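Notes follow the structure.
Proteins get letters first, then strands, A, B, ... in listed order; numbering begins at 1 in each.
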Amino acid sequence: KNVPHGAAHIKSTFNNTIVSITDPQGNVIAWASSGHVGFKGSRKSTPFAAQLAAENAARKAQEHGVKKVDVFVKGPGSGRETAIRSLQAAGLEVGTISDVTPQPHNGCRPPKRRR
RNA sequence: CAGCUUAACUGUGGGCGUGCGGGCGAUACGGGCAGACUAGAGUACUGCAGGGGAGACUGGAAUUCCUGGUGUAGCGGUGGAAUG
């Protein structure tokens with residue numbers, strides 16, 4: 001309902017860019033993905049899709065009263081910084097950035113190498 | 001060398017018979033026997049490094065799953081998609 005300070009969790013993969021604006025406790029109040037802002041397939045992986053996703057989630061959060069946001073970015077992607085700029089432009093102001101990508105300690109064998 | 005005319009062939013004598021057995025010598029090398037030595041080898045002492053190995057216990061990250069909140073419509077995935 002009212003959350004002045006929030007957290008923007010950004011999962012930017014090689015196939016999408018999901019953005020979840022949450023309270024600092026982690027309860028989501030808004031989110032947006034490329035598919036939600038009207039994309040499909042491989043265009044979801046573009047930075048522009050992340051621009052729009054971040055913009056839409058930021059607007060839905062502004063509706064709830066979110067001004068300062070701390071970012072928690074994860075995933076290689078290409079629309080990370082694009083989403084940062086989008087949040088900065090969609091009315092919010094970013095306080096802190098953090099690469100929270102999972103770094104396993106050599107556990108859980110990955111999938112095989114693509115040929 | 002000699003003789004059948006020559007040669008082949010034949011004969012005579014020597015050498016060969018690459019060895020073996022006896023005898024008599026030599027003893028450098030190998031070997032045997034009897035010893036000696038420490039430069040090899042191994043032991044001892046002091047130190048040192050090391051994911052060497054085995055057993056037991058145990059740690060955190062991460063994935064997955066479960067449960068519960070928030071949370072809503074897509075996620076995932078590809079060269080692009082579709083199954084899902």
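- Side-chain contact, A:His5 with A:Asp70: a donor N or O sits under 3.5 Å from an acceptor N or O.
- A:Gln62 and A:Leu92 get closest at one heavy-atom pair: OE1-CD2, 3.4 Å.
- A negative value of the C1'-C2'-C3'-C4' dihedral assigns B:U38 to the south, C2'-endo side.
- We find that CD1 of A:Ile18 is positioned 16 Å from P of B:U72, with the value rounded to whole Å.
- Between the NZ atom of A:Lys74 and the P atom of B:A61 there is a distance of 14 Å, given to the nearest Å.
- For the 3.5 Å distance criterion, the side chains of A:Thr101 and A:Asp99 qualify, holding a donor opposite an acceptor.
- Of the candidates B:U63, B:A81, B:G77, B:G77 carries the atom nearest the A:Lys44 side chain, counting heavy atoms from C-beta on.
- Annotated as not stacked: the bases of B:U18 and B:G19, by the 5.5 Å centre and 30° plane rule.
- For the pair A:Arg80 and A:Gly75, the tightest heavy-atom approach, listed with the atom from each and the gap, is NH1-O, 2.9 Å.
- On the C1' atoms, B:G23 is 24 Å away from B:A28, given to the nearest whole Å.
- Residues A:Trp31 and A:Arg114 both approach RNA chain B. Their nearest nucleotides, taken by heavy-atom distance, put A:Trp31 toward the 5′ side.
- Using a 4.0 Å cut-off, no side-chain N or O of A:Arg115 falls inside it from OP1 or OP2 of B:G79.
- In this structure, A:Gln103 reaches the sugar-phosphate backbone alone: every heavy-atom distance under 4.0 Å involves primed, P, OP1 or OP2 atoms, never a base.
- Judged by ring centres closer than 5.5 Å and planes tilted by less than 30°, the bases of B:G52 and B:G53 are stacked on each other.
- A distance of about 25 Å separates the P atoms of B:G30 and B:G25, rounded to the whole Å.
- For the P atoms, the distance from B:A73 to B:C65 is 23 Å, rounded to whole Å.
- Using the sign of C1'-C2'-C3'-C4' as the criterion, B:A73 is classed as south-puckered.
- For B:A62, the OP1/OP2 oxygens have no side-chain nitrogen or oxygen of A:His105 closer than 4.0 Å.
- Sugar conformation, B:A39: south. The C1'-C2'-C3'-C4' torsion carries a negative sign.
- Between A:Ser42 and B:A81 there is a side-chain polar atom (N or O) within less than 4.0 angstrom of OP1 or OP2.
- Remark: A:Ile84 CD1 to A:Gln51 CD distance equals 10.5 Å, nearest 0.5 Å.
- We find that CG of A:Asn106 is positioned 13 Å from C1' of B:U63, with the value rounded to whole Å.
- One side chain, A:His36 or A:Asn56, offers a donor N or O that lies under 3.5 Å from an acceptor on the other.
- Between the side chain of A:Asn27 and the base of B:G69, a donor-acceptor pair under 3.5 Å is found.
- A side-chain N or O of A:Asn16 and one of A:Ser34 form a donor-acceptor pair less than 3.5 Å apart.
- Listed pair A:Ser33 / B:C75 meets the phosphate criterion, a side-chain N or O lying under 4.0 Å from OP1 or OP2.
- Comparing the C1' positions of B:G15 and B:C9 gives an interatomic distance of 22 Å, to the nearest angstrom.
- One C1' atom belongs to B:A81, the other to B:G76, and the distance between them is 12 Å to the nearest Å.
- Among the protein residues, A:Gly35 comes within range of the sugar-phosphate backbone only, with heavy atoms under 4.0 Å from sugar or phosphate atoms but none that close to a base.
- Within the shown strands, nothing qualifies as a pairing partner of B:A61 under the Watson-Crick or G-U definition with both distances less than 3.5 Å.
- Put simply, CG on A:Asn56 is 11 Å from P on B:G74, counting in whole angstrom units.
- Residue side chain A:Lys40 does not reach the base of B:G74 through any donor-acceptor N/O pair under 3.5 Å, judged by distance alone.
- Both conditions of the stacking definition, centres under 5.5 Å apart and planes under 30° apart, are satisfied by the base rings of B:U6 and B:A7.
- In this structure, NE2 of A:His9 is placed 16 Å from P of B:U72, rounded to the nearest angstrom.
- The separation of B:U83 from B:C75, taken at their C1' atoms, amounts to 14 Å, rounded to a whole angstrom.
- Listed pair A:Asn15 / B:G76 fails the phosphate criterion, with no side-chain N or O lying under 4.0 Å from OP1 or OP2.
- Considering only side-chain N and O atoms, A:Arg109 lies nowhere under 4.0 angstrom from the phosphate OP1 or OP2 of B:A62.
- Dashed line: the shortest gap from a side-chain N or O of A:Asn16 to OP1 or OP2 of B:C75 is under 4.0 Å.
- Between B:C37 and B:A41, the distance separating the two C1' atoms is 15 Å to the nearest Å.
- Taking atom CD1 of residue A:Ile21 and atom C1' of nucleotide B:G71, one finds them 13 Å apart after rounding to whole Å.
- The six-membered rings of B:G31 and B:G32 are stacked by the 5.5 Å centre and 30° plane criterion.
- Projected onto RNA chain B by closest heavy-atom contact, A:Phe39 and A:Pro102 fall at different nucleotides, the more 5' of which corresponds to A:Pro102.
- With both pairing distances under 3.5 Å, B:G84 is matched to B:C75 as a Watson-Crick or G-U wobble pair.
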